[PDB]
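Here is what each chain is made of, one letter per residue.
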Amino acid sequence: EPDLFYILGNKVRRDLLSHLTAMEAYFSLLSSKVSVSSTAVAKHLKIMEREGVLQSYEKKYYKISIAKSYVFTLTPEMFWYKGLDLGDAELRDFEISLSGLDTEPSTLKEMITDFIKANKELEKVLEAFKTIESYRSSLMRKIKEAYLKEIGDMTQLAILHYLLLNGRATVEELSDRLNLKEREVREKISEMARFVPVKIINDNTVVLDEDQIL
Amino acid sequence: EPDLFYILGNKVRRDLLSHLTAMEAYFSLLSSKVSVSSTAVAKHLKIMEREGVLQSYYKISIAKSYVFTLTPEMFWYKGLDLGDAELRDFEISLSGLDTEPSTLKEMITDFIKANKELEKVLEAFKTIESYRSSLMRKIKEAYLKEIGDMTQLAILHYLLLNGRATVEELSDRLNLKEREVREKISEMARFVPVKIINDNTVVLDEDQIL
């Protein structure tokens, strides 16, 4: 129902969503945490709420009101997309047999045969994706909750939130998203080292310590 | 490099790209319903060319898949390059992860364990798409190389990618009368198992095909 391609088409919205998902937020500290004017920010929020992608509630807090994953492909041969509703995760297993799908069929109908065989494995991939994303969304809520209870630092969680979705970041990258200087980011990394396995490798690369975590 | 989100942001562009990937099959670039001035059509084609999606009679100049998520706790997207993907097998083990974690360290243990599974999923997806896209090209040549009817190919093309479509939906994007579409499906039936269910829903018989 909601037109997500249209919502994500604008780079300001994309940024607004990136922060509404990290936490807070409003309005104030929302148009603050991005480098475009507050009149445009006010505009985009109404568009998102109109579209049924945002909700507000009493200070006016905004929150995302949907849980959908999307998939699309664009090649010279094909263009398609499929929307996926998240939530009710049944943790199951998927076997994805891609060998030895006919790499060289010489005739039609047999080409239709394989493409279907491929579709059957793709339907599993889509299911798997739907499942993990339902899982990561629920678990993220718990990480967000546990963090605030165990230690109430919002920007420590924000960095952690960011590193969990995108595996790596520079202090530069992070500093931008947080609208606070590079130094004030480094000491937030130093502070969260007490609780979470974060580390500064190289000289500016902030990564989680995969080895220790698993 | 190409801002695909911006490109797909517009209904018309989206309808253009669904035709432009099968110009072998389609007679026009638009669905009959998306009634849009011929100067506006020209602009969208330029906007897409300005971005690096098209290249000239226009052709698609990228082969990408994306994936994105929007939930109250998450927003992320990831663009994948296609082409040469080696046919391997993937196991997605989710049985397999605990639903009641207690410790903050234990929750992060699970997230990275989910992240490791997602990497797999993403690799299967990229493999599948590379494979499918190739086979799609082959299917095209062959269809016009064996029974030679476009539009029948267009119907075949749309069903393979999207599972099902109503007669009305097909009639719309082919710019043909509904009787004509119904006719093309009849002629089509004796070459490939297409199936009308409830005399409005066009679908393939995956059972007869498998």
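Residues numbered from 1 in each chain as written, not as in the entry; some residues may be left out. Chains lettered and ligands numbered in written order. Heavy atoms only, no water. Residues with missing side-chain atoms left out of burial classes, pairs and counts.

- This entry lists X-ray crystallography as its structure determination method and reports a resolution of 2.80 Å.

## Section: the pairing of strand β8 (residues 201–204) of chain B
All names here are of chain B.
Consideration 1: Side chains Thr201 and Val203 project from β8 onto one buried face, and the interleaved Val202 and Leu204 project onto a second face that is buried too.
Consideration 2: Where strand β7 (residues 194–197) lies against β8, 4 bridges are found, and the strand directions are antiparallel. Of the residues in β8, the one forming a bridge with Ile197 is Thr201.
Consideration 3: In this antiparallel pair of consecutive strands, β7 and β8, the connection spans 3 residues, and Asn198 shows a positive phi of 60°. (Buried < 20%, exposed > 50% of the residue type's maximum accessible area, 1.4 Å probe, protein only. Helix = DSSP H or I, 4+ residues; strand = E, 2+ residues; numbered from the N terminus. Pairing = 2+ DSSP bridges.)

## Quick word on the domain arrangement of chain A
Residue and element names in this part refer to chain A.
Consideration 1: Segmentation of chain A into domains returns domain 1 (1–66), domain 2 (67–152) and domain 3 (153–214).
Consideration 2: Between domain 2 and domain 3, the C-alpha centre-to-centre distance is 29 Å.
Consideration 3: Counting residues at the interface gives 8 residues for domain 2, matched by 11 residues for domain 3.
Consideration 4: A breakdown of the residues in the side of domain 2 that touches domain 3 according to their chemical character gives 5 nonpolar, 1 polar and 2 charged. (Domains from an automatic or database assignment. Contact = heavy atoms within 4.5 Å. Nonpolar A, V, L, I, M, F, W, Y, C, P; charged D, E, K, R; others polar.)

## Examining the pattern of salt bridges
All names here are of chain B.
Consideration 1: As enumerated under the stated definition, the model contains 19 salt bridges over all chains in all.
Consideration 2: The salt bridge partner of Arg88 is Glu123, with a shortest N-O separation of 3.5 Å. Taken together, the positions of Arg88 in the loop between β4 (74–81) and β5 (90–92) and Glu123 in helix α4 (residues 104–144) put the pair 35 residues apart, joining distant regions of the chain.
Consideration 3: A salt bridge links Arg132 to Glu129; the shortest N-O distance between them is 2.7 Å. Of this pair, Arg132 and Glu129 are both found in helix α4, 3 residues apart, which corresponds to roughly one turn of the helix. Each member of the pair, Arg132 together with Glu129, is buried.
Consideration 4: It is possible to trace a salt-bridge network through shared partners that takes in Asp149, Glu180, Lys184 and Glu187. (Salt bridge = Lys/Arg side-chain N within 4 Å of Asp/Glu carboxyl O.)

## Some remarks on the sheet that holds strand β4 (residues 79–85) of chain A
Consideration 1: Strand order in the open sheet formed by 4 strands is β4(A)-β3(A)-β3(B)-β4(B), with antiparallel pairing between adjacent strands. Edge strands, defined here as strands with exactly one partner in the open sheet, are β4 of chain A together with β4 of chain B. Each adjacent strand pair in this sheet contributes to an overall mean axis angle of 10°, direction not counted.
Consideration 2: In this sheet, strand β3 (residues 64–71) of chain B lies alongside strand β3 (residues 68–74) of chain A in antiparallel orientation, the contact comprising 7 bridges. (Axes fitted to C-alpha atoms, helices over the stretch in contact; angles between N-to-C directions.)

## Side note on the interface of chain B and chain A
Consideration 1: Across the boundary between the two partners, chain B contributes 85 residues, which contact 85 residues of chain A.
Consideration 2: Among the elements of the structure, α1 (4–8), α2 (11–20), β3, β4, β5, α4, α5 (152–162) and α8 (206–209) of chain B are those that each provide at least two residues to the side of chain B that touches chain A.
Consideration 3: For the side of chain B that touches chain A, the leading source of residues is α4(B), giving 30 residues.
Consideration 4: When grouped by side-chain class, the residues that make up the side of chain B that touches chain A number 50 nonpolar, 15 polar and 20 charged.
Consideration 5: Sheet analysis places strand β5 (residues 94–96) of chain A next to β5(B), joined by 3 bridges and oriented antiparallel. Within the sheet, the bridge partner assigned to A:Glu95 lies in β5(B) and is B:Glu91.

## Quick look at α5(B)
Residue and element names in this part refer to chain B.
Consideration 1: Judged by how many residues are buried, α5 sits mostly within the fold: 10 of 11 residues are covered.
Consideration 2: Considered for burial, the residues of α5 that qualify are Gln152, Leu153, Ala154, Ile155, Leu156, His157, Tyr158, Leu159, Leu160 and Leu161.
Consideration 3: Directly beyond the C-terminal end of α5, a positive phi value near 70° is found at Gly163.

## A closer look at the sheet that holds strand β7 (residues 198–201) of chain A
Residue and element names in this part refer to chain A.
Consideration 1: Reading across from one edge, β6-β8-β7 is the order of the 3 strands in this open sheet, with antiparallel pairing throughout. The open sheet terminates on both sides in strands that have one partner only, identified here as β6 (168–170) and β7. With direction set aside, neighbouring strand axes in the sheet form an average angle of 30°.
Consideration 2: As paired elements, β6 and strand β8 (residues 205–208) share 3 bridges and run antiparallel to each other. Bridge pairing in β8 links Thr170 to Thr205.

## Side note on unusual backbone geometry
Residues and elements named next belong to chain A.
Consideration 1: Cis rather than trans, the peptide bond between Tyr26 and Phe27 has omega equal to -10°.
Consideration 2: In this structure, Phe27 sits in the loop between α2 (11–20) and α3 (38–50).
Consideration 3: Positive phi, normally seen in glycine, also occurs at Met23, with a value near 155°.
Consideration 4: Looking at the element boundaries, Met23 is found in the loop between α2 and α3.

## So, the packing of aromatic side chains
Consideration 1: Overall, the coordinates contain 14 aromatic pairs over all chains when judged by the stated rule.
Consideration 2: Plain terms: the ring middles of A:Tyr57 and A:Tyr61 are 6.0 Å apart, the flat faces sit at 25° to each other, and that makes the pair stacked.
Consideration 3: On the basis of relative accessible area, A:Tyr57 is assigned to the partly exposed category, the value being 43%.
Consideration 4: Among the aromatic side chains, those forming a connected cluster through ring pairs are A:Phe5, A:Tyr70, A:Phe72, A:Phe79, A:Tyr81, B:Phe5, B:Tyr66, B:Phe68, B:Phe75 and B:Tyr77.
Consideration 5: Geometry around A:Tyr6 places A:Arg13 over its ring, the cationic atom sitting 4.8 Å from the centre.
Consideration 6: The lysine or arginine in question, B:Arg13, covers the ring of B:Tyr6, its NZ or CZ lying 4.8 Å from the ring centre. (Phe/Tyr/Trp six-rings, centres within 6.5 Å; stacked < 30°, edge-to-face > 60°. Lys NZ or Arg CZ within 6 Å of the ring centre and 35° of its normal.)

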